[PDB]
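What follows is one structure encoded as structure tokens, with my remarks underneath.
All Cβ positions, even for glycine, are placed from backbone atoms using ideal geometry, and neighbour counts span all protein chains on display. Derivation of every value follows stated rules applied to the coordinates shown; laboratory data play no part.
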Amino acid sequence: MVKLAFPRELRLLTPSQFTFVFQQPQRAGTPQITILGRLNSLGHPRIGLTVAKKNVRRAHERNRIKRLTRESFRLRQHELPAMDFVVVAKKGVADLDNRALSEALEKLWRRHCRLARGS
């Protein structure tokens, strides 16, 4: 609802981070590339970019997408917290130009950054 700390910590949670993030992900990102946010202070910041073959149909550009995302998360280490970030690239992110990939980077960056400073 408002407070991210739910009393379900008294309940047996699953160690499945993929499931855990997908249950309650704070959606902040471009409609064609969904950067989810899992409020979890583990101390282990990981980038879990998940993409389907229907979403990125161009085989080589699949590597392009994982390049763009992962290389950004390795350089924007100041802005991101130590949480679980399973990013789901939607069908359409691979419709952009190689130039436009970087052009959309600052869009999703600032988008989620504004939310990471809030709650």
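Can you give me the number of residues within segment 62-113 that are closer than 14 Å to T30 by Cβ and charged (D, E, K, R)?
8
Filter segment 17-26 for residues that are part of a loop (DSSP other than H, G, I, E, B) and out of contact with any helix residue (DSSP H, G or I) (no Cβ under 9 Å at 6 or more places or on another chain) and give the result.
Quick first cut of segment 17-26, residues part of a loop (DSSP other than H, G, I, E, B) only: 24-26.
Within segment 17-26, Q24, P25 qualify.
Give me the pairs: first residue in segment 108-119 and over 17 Å from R38 (Cβ atoms), second residue part of a helix (DSSP H, G or I) and of a type in the set (D, E), beta-carbon distance under 6 Å, and six or more apart or on different chains, which are they?
Between residues of segment 108-119 that are over 17 Å from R38 (Cβ atoms) and residues that are part of a helix (DSSP H, G or I) and of a type in the set (D, E), there is no close pair.
One line per residue, one yes/no per condition, for (1) buried (at least 18 other Cβ atoms within 10 Å of the Cβ); (2) without any contact (Cβ under 8 Å) to a residue 12 or more places away in the chain; (3) within 22 Å of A100 (Cα to Cα):
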{"site": "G29", "(1), (2), (3)": "yes, no, yes"}
{"site": "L36", "(1), (2), (3)": "yes, no, yes"}
{"site": "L39", "(1), (2), (3)": "no, no, no"}
{"site": "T50", "(1), (2), (3)": "no, no, yes"}
{"site": "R57", "(1), (2), (3)": "no, no, yes"}
{"site": "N63", "(1), (2), (3)": "no, yes, yes"}
{"site": "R67", "(1), (2), (3)": "no, yes, yes"}
{"site": "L75", "(1), (2), (3)": "no, yes, yes"}
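List pairs: first residue in segment 1-25 and over 27 Å from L49 (Cβ atoms), second residue among the polar types (S, T, N, Q) anywhere in the structure, Cβ distance under 9 angstrom, at least six positions apart or on different chains.
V2/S119; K3/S119
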